[PDB]
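Descriptive analysis of the structure
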Amino acid sequence: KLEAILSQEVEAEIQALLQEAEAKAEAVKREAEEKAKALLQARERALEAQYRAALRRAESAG
Amino acid sequence: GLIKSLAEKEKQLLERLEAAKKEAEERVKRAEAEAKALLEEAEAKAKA
């Protein structure tokens, strides 16, 4: 019938839009994990540096 | 065939769109907030 056409113009948009917004809610969240990981990768190198420098200084000093 | 078929069907097609737009924004919303709170845990942890 004619009401069955109407349910199909909607039922198409409301999956196109909600599939799109579940891949932005994916995407932001993927970059959020890859940032936190990298802000701790730079933190890891820094600490190392400070320890290699530190020990050399105490060897020279002594 | 009455006009009531398409009339009272149209005013449901509009509700189906509205929930679509809602729960699109209310989903991305969650992710943006969750991205902030995650990177706060990454600062809180990192300085300590």
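Residues numbered from 1 in each chain as written, not as in the entry; some residues may be left out. Chains lettered and ligands numbered in written order. Part of a larger assembly, values for the part shown. Heavy atoms only, no water. Residues with missing side-chain atoms left out of burial classes, pairs and counts.

Per the deposition metadata, cryo-EM was the technique used to determine this entry, at a resolution of 8.7 Å.

A few points about the overall build of chain B
Formally: In this description a helix means any DSSP run of H or I spanning at least four residues, a strand means any run of E spanning at least two, and both kinds are numbered starting from the N terminus.
Helix and strand counts for chain B stand at 1 helix and 0 strands. Here the C-alpha coordinates of chain B stretch approximately 70 × 10 × 5 Å along the principal axes.

Remarks on the overall build of chain A
The line we're drawing: We take the radius of gyration over the C-alpha atoms and set the globule estimate at 2.2 Å times the residue count to the 0.38 power.
The helix and strand inventory of chain A stands at 2 helices and 0 strands. Relative to the globule expectation of 11 Å for 62 residues, the C-alpha radius of gyration of chain A, 27 Å, shows a markedly less compact shape. Its C-alpha atoms give chain A principal-axis dimensions of roughly 95 × 5 × 5 Å.

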